[PDB]
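The next block holds one structure in the form of structure tokens; read it before the comments.
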Amino acid sequence: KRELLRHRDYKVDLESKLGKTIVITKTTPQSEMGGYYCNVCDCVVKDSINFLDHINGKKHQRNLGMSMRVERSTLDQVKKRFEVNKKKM
Amino acid sequence: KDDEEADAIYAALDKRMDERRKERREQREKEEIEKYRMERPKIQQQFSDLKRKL
Amino acid sequence: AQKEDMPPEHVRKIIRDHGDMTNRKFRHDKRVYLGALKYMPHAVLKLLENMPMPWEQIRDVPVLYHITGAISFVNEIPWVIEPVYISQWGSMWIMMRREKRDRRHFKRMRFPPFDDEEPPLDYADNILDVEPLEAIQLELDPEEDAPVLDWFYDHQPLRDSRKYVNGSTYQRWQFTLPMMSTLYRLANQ
Amino acid sequence: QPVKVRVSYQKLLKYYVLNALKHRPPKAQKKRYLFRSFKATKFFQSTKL
Amino acid sequence: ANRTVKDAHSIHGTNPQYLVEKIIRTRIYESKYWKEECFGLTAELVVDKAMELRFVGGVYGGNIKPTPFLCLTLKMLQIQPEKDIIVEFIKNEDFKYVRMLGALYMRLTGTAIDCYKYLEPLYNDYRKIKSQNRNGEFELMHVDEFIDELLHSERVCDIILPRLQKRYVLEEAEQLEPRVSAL
Amino acid sequence: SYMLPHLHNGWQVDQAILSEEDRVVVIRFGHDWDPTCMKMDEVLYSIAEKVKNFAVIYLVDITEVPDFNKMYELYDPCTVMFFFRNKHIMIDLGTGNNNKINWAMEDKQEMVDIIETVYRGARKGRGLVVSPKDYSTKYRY
RNA sequence: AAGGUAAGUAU
RNA sequence: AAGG
């Protein structure tokens, strides 16, 4: 029941907390620690590039009930995408 | 299984390529250690008579 | 019980596919592939010793190749008649000297000829179709070079003439005095 | 002639003489052919290219 | 992911992505653009990202940093689109960059017949475009110049294109009609 | 060379490495019949009593016990490796290979000094110790 | 071609 | 935490 891979419709706020300072204590769990965190995979990553690698990893997709396989597109939907993109602008 | 067959085939081929002078050089080696062995006997041989008396 | 020759397209297809080891279809059996790779220097030695001579455009050579395309050997020893070979190379000497005297600017090749990330060319779609360029060949006078003119500048000349060679093995040669004199005159340089 | 080509001649003669001195008759052997034995096994096919 | 899709077939006897140098492929795979906007791309998604292209080029800067055009080219090499998809990319008229991406993919993977059948008709386009140099600077050229570079230059956009049989050689065997220019 | 204890399978080698908690487990990988191994084993035998307070010496035949050939790159005629508390203690001998002593020594005091340095560094909790003597050259003059 | 590896703990 |  591993669904095929799909593009991320949402951008990732890699630079959201630039310049900010986060105070972390012993009691503070991984949720609010500094860096990047994913609840889907429940992990903390202190890089933008490593976070992108993680969200592009096998385990992260697997925890989403997904698979690394990308579906082969069809001609009709490609043409319709061209048409709708032309109509939008 | 077939990996073993391929390895055996290549090993037999390498052994066959060695038959050009294998027996000649091996008999030369046999006749060459014995030439050296008379002048320089084996260490255990030099103690054979003493060992027998034990 | 002798092994019949395979069509040249069989080895062409075998080399064309299985090119990258990343394919997992043929990874099941690799001992047969790996065990035949240690003889790469032998393939190198047989290939370079059968290099075509400047008087020859295309040289078809017998080829012994692994069943998986792991390695290809040129199963041929370059036997050449010594007077014929010397005369051919003397005529080559004459031709290259005349070309260097005649050609105003000689464009030396660029080494390496191709880019380092450029993959080796496919023979079928790049060389098999294009006609070869003219080779170096001294012009032979039909009057005085007649004893050698017909079979000169040929790969293994007189190989099929049972009068002048023992046979296809190309081991012995029996040449007439006019041919020997013509070859001797062609190799004075 | 230039000095370099004269040294070339002398070095070529040196190689010739060294080859002539160090020559030893080939050792007797049984005729074993590598490519013939390649043809014997099923892993090698023959063609003309 | 990062590997070639299973249903894809080999191109020029190698992996489809291997048409790009391993240095440049490794740099692209580590680029922010590839990891962010090229994690999973179908033909529809490639079309969506293709129109956002503002320039064409290979890599730039002292360190090898790939352009989005090169990343999309490598993505299309990874996930193989059918030939009609490439033609539809080429048949596009509103967007020049999508047509250029399709033409580059056709040059990379298409047969020597296809490189003249589908790219030579693009000589009629002279739209001004911006091309990023290897120093990070941008320069203006035209569509026909890019097509000419694709058909005649060995290396285009920091990619060593596969060998093409010369046009006169193809004409002599008469399996391809000679090009008849509009002028 | 024959007076030292021998280990006859990989499990015995693992147990010998695991058993000693306060001593360096010096294990020589090779063959009792190899001349280089004969020299190294004679050197180890000459010091076996001296270093018994902080080192134990075992000999392993890499043909009888091939379980560590791929792991420890035991493809040399002789090889000496150091373990302390189930950890392989590397040593910077200056030879470019910091994992083992792959040659045969001639000085007992040399080997004793190396064993002592390994023991001290491993007791302090270090995975690499610097040999008191460099071996980038044989000091032959 | 080497004699130019810090030993780690985390993710 | 990510790669074959």
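We number chain A the way Swiss-Prot does; in order, the residues shown are 45-133.
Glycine is no exception: its Cβ is also placed from the backbone N, Cα and C atoms.
Annotated in Swiss-Prot:
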type     : residues : note
CROSSLNK : A:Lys45  : SUMO2 cross-link
CROSSLNK : A:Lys55  : SUMO2 cross-link
CROSSLNK : A:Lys61  : SUMO2 cross-link
CROSSLNK : A:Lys64  : SUMO2 cross-link
CROSSLNK : A:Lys70  : SUMO2 cross-link
ZN_FING  : A:80-104 : zinc finger
CROSSLNK : A:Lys102 : SUMO2 cross-link
CROSSLNK : A:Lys123 : SUMO2 cross-link
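Features as recorded by Swiss-Prot, highlighted on the structure.
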residue: A:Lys45; record: SUMO2 cross-link; contacts (Cβ under 8 Å, 6+ apart): A:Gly109
residue: A:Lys55; record: SUMO2 cross-link; contacts (Cβ under 8 Å, 6+ apart): none
residue: A:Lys61; record: SUMO2 cross-link; contacts (Cβ under 8 Å, 6+ apart): none
residue: A:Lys64; record: SUMO2 cross-link; contacts (Cβ under 8 Å, 6+ apart): none
residue: A:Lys70; record: SUMO2 cross-link; contacts (Cβ under 8 Å, 6+ apart): none
residue: A:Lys102; record: SUMO2 cross-link; contacts (Cβ under 8 Å, 6+ apart): A:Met112
residue: A:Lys123; record: SUMO2 cross-link; contacts (Cβ under 8 Å, 6+ apart): none
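Using a Cβ-Cβ cut-off of under 8 Å to chain E, none of the recorded sites A:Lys45, A:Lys64, A:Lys70 qualifies. For the zinc finger (A:80-104), residue counts in helix, strand and coil come to 11 helix, 6 strand, 8 coil, using DSSP. A:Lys123 (SUMO2 cross-link) falls within a helical segment according to DSSP. Those recorded sites from A:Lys45, A:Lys55, A:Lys64, A:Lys102, A:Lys123 lying by chain B, with Cβ under 8 Å from one of its Cβ atoms: none.
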